[PDB]
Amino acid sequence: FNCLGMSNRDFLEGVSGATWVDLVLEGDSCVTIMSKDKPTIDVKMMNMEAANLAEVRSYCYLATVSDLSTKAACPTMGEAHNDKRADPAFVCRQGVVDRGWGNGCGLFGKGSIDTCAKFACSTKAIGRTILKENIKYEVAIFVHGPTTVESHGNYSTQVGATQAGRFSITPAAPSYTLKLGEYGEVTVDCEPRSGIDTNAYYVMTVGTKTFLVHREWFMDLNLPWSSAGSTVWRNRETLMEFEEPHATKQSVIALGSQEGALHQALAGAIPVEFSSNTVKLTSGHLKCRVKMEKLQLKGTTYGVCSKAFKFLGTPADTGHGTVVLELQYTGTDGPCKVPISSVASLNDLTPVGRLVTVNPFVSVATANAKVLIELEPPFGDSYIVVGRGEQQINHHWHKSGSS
């Protein structure tokens, strides 16, 4: 539910002098928002699904042929009308065959024949549509307040501390406001109409694997099909073979399975997970506005910590040009601001970076409390300084790159 530890991570800045920021979320992506006079927040896309899918059409890729009969007519006796022709489950084909004394007719000539066969589908693939109605996004936001290495990634710890909360976004309710205790609240306005429209591509299940398939490509499939709530097969002759007409018994066969020919035409399509009638989504995004109007820095009257801090290990690169570190405070002088900054030279009285964990606190009055700090040092050499004068500790850092 956080950005710390992830590899897909982006940083954004409140534009100078407003209270809202536009962004574009992504699947399994995390955005960190840094605003002036306001705490830093993480906004992560947790989930995105569509549920209660509607069936559009089904295609048969393996069919059976049974109950073969051919009605025959002698020359001058008209066209043969096989009586199965009115049965909706049967496929019929009219033909013409030579007839004579040798095979049953008193007169010579061409004879009419009508062969029919029952059509049954053994295995089929089901297409289903996603209506923008169905789509749910689930989002999480975390406030960079006082945290610990052990508590920073712990959800119930942060939910209890009123620093994080998960919530969902639908086209029905594309907006939400999360109460963050004494940090105020953050308001999100979202635009859940993106990448996929009311009828854009479909969800096709072929055997055990489910795919997201192009809509026009789906409806053009050269296979027998039936409609949403109807088991009547149309275009069935693509899976059948009527063999050479014979005066008494013309042969009809079904083809072998066409599943290979589907997966062959699905060798690059996007597979998708589809369980308990809901479908998980990996692609796609979500445009939103984040509103930090009522987002407040909390307890900023407190004084700067007086006593000494101690490092609890070598600070570590996050993989995003920032470093993490965890201090420990020997002092007991209540909640106080941690005097931490990133400088170039040791005796410089100015920073050269920016704190990702804006406004660090020790939050308790007891001794030996721990606090996690994230911060962006400049490229090249720098020092991370904590404390003033005799209690001053520092740590040299080097960051690799040019621009």
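The first residue of the sequence shown is number 1, and the count goes up from there.
Q: With reference to the PDB entry, specify whether the mean Cα temperature factor is higher for 235-243 or for 154-162.
A: For C-alpha atoms only, the mean B-factor is higher in 154-162.
Q: Taking the recorded C-alpha temperature factors, which stretch has the higher mean, 66-74 or 47-55?
A: Going by the record's values, the stretch with the higher mean is 47-55.
Q: When the CA B-factors of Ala267, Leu312, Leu212, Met219 are compared as recorded in the entry, which is the largest?
A: That would be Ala267, according to the entry.
Q: Between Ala117, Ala80, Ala120, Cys305, let me know which has the highest C-alpha B-factor in the entry?
A: Most elevated C-alpha B-factor of the set, per the entry: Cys305.
Q: Name the third of the chain's ranked CA B-factors that contains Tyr201, choosing lowest, middle or highest.
A: For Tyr201, the deposited C-alpha B-factor lands in the highest third.
Q: Is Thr330 in the lowest, middle or highest third of its chain when residues are ranked by C-alpha B-factor?
A: For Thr330, whose C-alpha B-factor we compare with every modelled residue in the chain, the answer is the highest third.
Q: Against its chain's modelled residues, does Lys249's Cα B factor rank lowest, middle or highest third?
A: Its C-alpha B-factor, which the entry lists for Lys249, ranks in the highest third among residues of this chain.
Q: Which third of the chain does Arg85 land in by C-alpha B-factor: lowest, middle or highest?
A: Ranked within chain, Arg85 CA B lands in the middle tercile.
Q: What third of its chain, lowest, middle or highest, does the C-alpha temperature factor of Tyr183 fall into?
A: Ranked within chain, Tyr183 CA B lands in the highest tercile.
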